[PDB]
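Here the structure comes first, spelled out in structure tokens, and everything after it is commentary.
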DNA sequence: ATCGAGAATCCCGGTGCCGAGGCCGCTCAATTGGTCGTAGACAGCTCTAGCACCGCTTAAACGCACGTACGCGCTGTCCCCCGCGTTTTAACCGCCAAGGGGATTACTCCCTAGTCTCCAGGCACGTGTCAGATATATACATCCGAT
DNA sequence: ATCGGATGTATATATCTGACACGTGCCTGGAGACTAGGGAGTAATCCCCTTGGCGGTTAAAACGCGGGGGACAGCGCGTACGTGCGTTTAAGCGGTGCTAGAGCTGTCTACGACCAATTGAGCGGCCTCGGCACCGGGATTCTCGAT
Ligand SMILES: [Zn+2]
Ligand SMILES: [Zn+2]
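Chains as they are written, first to last, in the deposited numbering: chain D, 30 to 123; chain H, 31 to 123; chain E, 37 to 135; chain A, 37 to 135; chain L, 0 to 147; chain C, 11 to 118; chain G, 11 to 119; chain F, 21 to 102; chain B, 20 to 102; chain K, 7 to 91.
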């Protein structure tokens with residue numbers, strides 16, 4: 030058989046079945062969504078890495094990710110994303 | 031105190047190689063330091079990305095050569111590739 | 037007696053038609069041949085995946101459409117409706133492509 | 037009887053003078069005050085290294101000089117010599133700043 | 000403040016129109032700590048089971064969920080030995096519009112129909128899925144000695 | 011939160027915390043990766059994905075369709091003030107362009 | 011070579027090979043770093059530095075000065091076609107602009 | 021060997037792109053300028069795509085090389101991988 | 020010690036000098052307000068990132084390196100001030 | 007018609023509406039309650055669980071969150087309890 | 001201001017096909033439990049430079065007036081895009097056929113990381129002197145009104 | 001086409017001052033030698049998918065013609081901007097004092113890496129039915145010549 034290749038298809042589909050329970054998605058649209066998720070992951074991770082390097086640290090904590098989100102996302106996408114991430118981290122820890 | 035590393039002395043050596051008479055002020059040397067750091071970061075990042083693309087875990091001299099070919103324009107790229115190849119060949123023996 | 041539309045009313049219909057669709061506007065074989073010619077100029081005896089040529093076509097068409105939008109704005113700036121080579125040159129120069 | 041230059045020659049003289057030099061054309065104290073005002077709009081109780089203000093002034097003057105070059109090109113494109121706000125708006129749009 | 004008015008209104012509703020088989024009240028001097036009592040559902044192997052639990056209110060209410068914890072323990076896939084409850088209303092899909100009556104009714108309804116998708120104690124859920132009679136007899140054995 | 015349940019469900023997410031943790035740790039970003047970075051990053055990614063998908067589904071519904079296609083993604087992205095700014099240098103394949111005819115060109 | 015001199019002298023460079031090796035190793039670029047990568051990178055950096063310095067010194071001599079100031083670096087960078095493309099989006103502090111005036115604005119003959 | 025294939029980008033094929041760009045009227049000298057700028061763009065992208073191909077020691081240009089070159093030039097493309 | 024309406028400190032002669040360095044021979048009368056707005060927008064965009072960088076470090080002074088990092092992040096590299 | 011006092015009670019704080027906001031689902035509630043449920047709750051409608059993230063982003067950056075047609079009625083017809091609020 | 005003929009676009013109903021969504025088998029990547037070295041969180045002290053004030057020049061900003069040259073509206077000519085009909089060209093589709101090279105697997109060896117020891121290259125600090133800026137006085141190129 | 005003032009710019013000379021180029025102490029980072037293990041280079045095999053060729057049919061390209069609308073040049077008006085002068089404002093420079101916060105050092109405790117056994121989440125392959133594409137007929141709606 031072919032070698033295994035990972036993707037974000039099932040998670041994007043699970044997210045889609047929450048906002049719109051009665052809507053499907055094409056294969057090309059799923060490819061575009063996977064590319065978008067990969068691109069944003071790379072952007073945020075790289076900004077966090079540089080941010081941690083500037084302060085002579087060795088760890089990428091949630092603070093570096095928060096500041097990277099603040100730097101990268103536009104006006105209020107940043108506010109809402111920071112709120113969601115803080116909510117998720119607080120819910121995970123306790 | 032603290033010790034801060036910089037490319038000042040090597041830049042001065044190169045300057046005295048090309049122009050034995052001219053000096054260089056402080057702001058120009060700071061600009062040269064910034065330029066060297068910027069080019070280092072560009073080439074190193076491109077080489078790392080090339081290594082990641084091919085599922086390698088090392089940065090050899092051919093990754094650096096391909097990064098140089100990608101970044102620099104035509105004649106600059108050709109001359110830089112020649113200089114790097116010559117330096118590696120002279121160093122290995 | 038034969039019915040003719042006034043000059044300009046069939047151009048707007050085409051504008052509305054082609055901004056509502058998503059297909060590619062260049063024929064596939066001539067573009068593929070041009071891509072192969074340029075590539076064989078770079079390195080001889082090369083092979084292409086079909087997806088490679090399709091991606092190249094997508095990118096080229098998007099670039100040309102954007103350049104034509106900027107060219108149209110440049111033409112309208114000088115109180116014209118006809119786009120001319122100087123409009124393309126000015127748009128490219130301001131965008132920083134040729135300087 | 038008093039001697040005065042025809043309108044335009046002193047403008048060219050200033051063009052030649054200010055393109056030959058390298059100093060900063062904006063007075064430092066007003067720019068420092070404006071930077072401090074914007075910063076306190078962002079975060080209160082902030083202090084500024086002098087190098088920070090100097091770097092900000094350098095960047096802003098370079099940006100404005102480039103924008104004025106683009107504005108001059110846009111103005112000449114429409115068979116004019118005065119730069120007008122629409123030239124600035126078109127230059128900003130084509131560069132993608134305002135879109 | 001606002002949370003005080005909210006909790007007083009909740010208590011007033013609870014006193015005026017108490018639900019069926021659930022009784023809640025302020026256990027301590029402060030209104031933040033509460034005690035609740037739940038009776039086992041009629042169509043279940045939990046007959047005769049009375050359960051006491053504690054309610055701890057977070058400082059910001061109702062924008063954050065309350066903490067309900069069993070004083071005793073029950074043999075259910077969604078309840079561990081410490082008394083924690085695994086219900087989506089409690090933590091995941093909590094909304095400020097919900098009231099104490101709704102969450103207590105949901106907790107009571109959990110006993111009739113267990114949730115096997117994400118149980119707190121996987122082994123007992125697997126035992127129940129293997130055979131219903133064993134799960135019923137074990138639950139009855141625990142509840143005939145510890146519930147009362 | 012209580013243990014003995016999946017990390018993606020402890021935080022109430024759908025995107026994988028473990029996969030993102032591995033990608034951060036093996037991605038040549040930093041020497042060490044904290045325990046709370048993957049949760050935050052997964053939350054941000056899921057928020058962005060849901061935000062785009064909601065508008066895409068609305069655009070699909072406005073066409074009496076029931077399946078999202080790249081045209082709907084382009085329509086959703088380019089009509090939003092912040093999503094257009096975030097994805098400004100990005101080209102969506104087979105997405106077309108927004109209908110926009112300058113008012114000067116219209117007949118008078 | 012003889013494997014007895016300094017690494018920069020063994021490779022024939024003026025830029026440090028050991029420092030570049032350390033910067034590549036500690037910079038979070040790859041898990042492993044080869045043995046000939048720092049030499050190649052140092053050679054490229056030194057070549058670019060020498061080119062820019064030569065052009066700047068030529069400008070300074072044409073200006074009857076014996077000290078490169080940022081104006082001379084700006085002149086050298088912007089006059090060249092390859093360097094200006096490599097450093098197109100970069101701003102030089104205290105560098106100024108090249109003198110040019112559009113032919114339309116000049117006085118009528 | 022192939023030669024003179026830039027004339028396969030015909031006049032109607034350029035008029036369609038102009039129409040999608042929102043252009044009502046077109047002069048007669050536009051087509052040659054468009055062909056020239058398109059050739060420049062294609063050369064710029066294909067050079068880096070072939071460079072990526074040669075580094076990997078392959079003889080076929082995959083779509084991922086084109087995607088990587090486009091991302092390298094600040095023209096990120098969605099739909100073909102990455 | 021608040022500051023108010025300081026953008027009027029970017030006087031008309033300064034804008035004329037900047038235009039002259041840009042190669043402009045004749046200037047309209049409404050250019051100055053447009054230039055003031057553009058300058059304010061650019062300053063806000065840069066200073067926001069500078070302040071974000073300085074708060075991530077738990078500092079209270081905006082150093083030159085924060086400004087340089089913000090400028091590089093925005094695609095406008097600046098030489099001669101470090102890094 | 008004129009809404010009644012009981013019908014104008016916020017379902018979150020159980021008090022009178024101050025600066026009401028109406029979601030695209032025609033559910034009205036207090037502005038402080040809306041901000042608190044956006045920041046600390048799941049960022050939806052507290053009643054029907056309709057996702058209102060994009061609507062919030064669109065309307066709060068231009069200060070258009072607050073209902074104005076009904077705010078005048080609330081502030082005009084019932085002054086005393088708004089004053090003590 | 002309008003009526004009407006010719007033409008393009010949108011609506012609606014029926015048929016069909018292929019690809020999106022669900023199910024099954026399985027392998028490997030994530031989970032859990034335990035241990036260990038070190039990164040960074042915190043307290044304390046030093047001392048650098050960022051801030052605030054005061055007084056004196058005098059340079060840059062401001063306000064006003066005159067006039068001219070450039071922006072803008074209008075008219076007229078002509079020629080070059082546009083819309084439509086006809087003919088020629090080759091793109092596109094379905095099909096078959098061969099083989100190049102991409103992708104996976106197994107084996108081996110040698111190249112790089114990690115550790116310890118040692119020493120000299122480069123950094124910080126201190127000092128002299130000369131390259132460049134400034135003041136002052138001519139020489140010459142250039143501009144503008146008048147012939 | 002000249003020619004005179006008149007103004008601004010460029011050239012030569014003295015001088016003096018602070019930044020650049022060099023020298024010295026020292027200490028921290030780089031060089032030298034050695035060992036262990038996995039990463040990558042090489043050889044081999046399989047089979048996917050790339051390239052090449054034929055035949056047909058028909059959608060798109062190429063060519064030509066008539067003409068109308070738009071590009072471009074010439075004119076006239078008047079208003080807004082340039083140039084110059086006198087006056088008011090606040091930038092720039094120096095000098096002093098104070099303290100807030102950046103920077104560095106020492107302890108130590110908890111968080112993150114590493115390793116081994118284990119199992120269920122997610123991936124690959126199969127299958128089927130419904131959503132969307134397409135065709136054909138009719139209703140709806142801009143368009144333009146003629147009033
Ligand atoms: Zn309320
Ligand atoms: Zn609702």
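For every residue, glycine included, the Cβ atom is placed at its ideal position computed from N, Cα and C.
In the pairwise beta carbon analysis, the stretch 109 to 118 of chain G is classified as touching the stretch 105 to 121 of chain A: at least three pairs are separated by under 8 Å.
Taking 4 residues as the minimum length, the alpha helix (DSSP H) runs contained wholly in the stretch 49 to 93 of chain A are 64 to 78, in order along the chain. Ranked by Cα distance from residue 74 of chain A, the first of B/53, B/46, B/69, B/51 is B/69. In terms of CA proximity to residue 143 of chain L, L/39 leads the group L/39, L/78, L/54. It is roughly 47 Å from the alpha-carbon of residue 50 of chain G to the alpha-carbon of residue 54 of chain B. By the Cβ test, the stretch 91 to 111 of chain C is in contact with the stretch 93 to 111 of chain E, since at least three Cβ pairs between them sit closer than 8 Å. Around the beta carbon of residue 47 of chain D, fewer than 16 other beta carbons sit within 10 angstroms, so the residue counts as exposed. Interface criterion not met: the Cβ of residue 83 of chain F is under 8 Å from no Cβ in chain H. Excluding five sequence positions before and after residue 25 of chain L, the CB atoms of its chain that fall closer than 6 Å to its own CB belong to 33, given in chain order. The alpha-carbon of residue 63 of chain A is positioned some 50 Å away from that of residue 62 of chain D. Those residues placing their Cβ nearer than 7 Å to any heavy atom of ligand 1 are, following chain order, K/16, K/18, K/19, K/21, K/23, K/35, K/36, K/38, K/39. Per the CB criterion, closer than 6 Å to any heavy atom of ligand 2, the qualifying residues run in chain order as K/29, K/31, K/33, K/51, K/53, K/54, K/56. In this structure, the straight-line span from the alpha carbon of residue 82 of chain D to that of residue 30 of chain K is close to 45 Å.
For residue 106 of chain H, no CB of chain F lies under 8 Å from its own CB, so it is not counted at the interface with that chain. The residue among B/41, B/25, B/34, B/21 with its C-alpha nearest the C-alpha of residue 111 of chain A is B/41.
At the C-beta level, residue 123 of chain H and residue 38 of chain C stay beyond 8 Å of one another. Straight-line measurement puts the Cα of residue 34 of chain C at about 14 Å from the Cα of residue 97 of chain D. For chain D, the residues of the stretch 54 to 70 of chain C that bring a beta carbon within less than 9 Å of one of its beta carbons are 54, 55, 56, 57, 58, 59, 60, 61, 62, 63, 64, 66, 67, 68, 70, in chain order. Nearest to residue 136 of chain L by C-alpha distance, out of L/46, L/27, L/35, is L/46.
Spatial neighbours of residue 52 of chain C in its own chain (CB-CB distance under 6 Å, excluding positions within 5 residues in sequence) are listed in chain order as 23, 25, 27, 30. When C-alpha distances from residue 39 of chain D are compared across D/66, D/70, D/31, the shortest belongs to D/66. Looking at the DSSP output, residue 50 of chain L shares a beta bridge with L/37. DSSP places residue 101 of chain B in the coil class of the three-state scheme, outside both helix and strand. Here the C-alpha atom of residue 35 of chain B lies approximately 28 Å from the C-alpha atom of residue 73 of chain G. Apart from sequence neighbours up to five positions away, the residues of its chain that approach residue 134 of chain A with a beta-carbon distance below 8 Å are 125, 128, ordered along the chain.
Contacts between residue 103 of chain G and chain B, judged by CB atoms closer than 7 Å, involve 97, 98, 99, 100 in chain order. Contact between the stretch 87 to 100 of chain L and the stretch 45 to 52 of chain K is established, with three or more Cβ pairs separated by less than 8 Å. Secondary structure at residue 50 of chain F: helix, using DSSP grouped into helix, strand and coil.
In terms of Cα proximity to residue 82 of chain L, the closest of L/99, L/61, L/106, L/22 is L/106. Within chain E, the residues whose beta carbon sits less than 9 Å from that of residue 28 of chain F are 62, 63, 65, 66, 67, 69, 70, listed in sequence order.
Within the same chain, Cβ atoms closer than 8 Å to the Cβ of residue 94 of chain C are found at 87, 88, the five residues on either side in sequence being excluded.
In summary, the residues of the stretch 53 to 74 of chain K whose CB is separated from some CB of chain C by less than 9 Å are 57, 59, 60, 63, 64, 67, in the order they occur in the chain. Contact check for residue 61 of chain G against residue 103 of chain H fails: the beta carbons are separated by 8 Å or more. For residue 61 of chain F, the secondary structure class from DSSP, reduced to helix, strand or coil, is helix.
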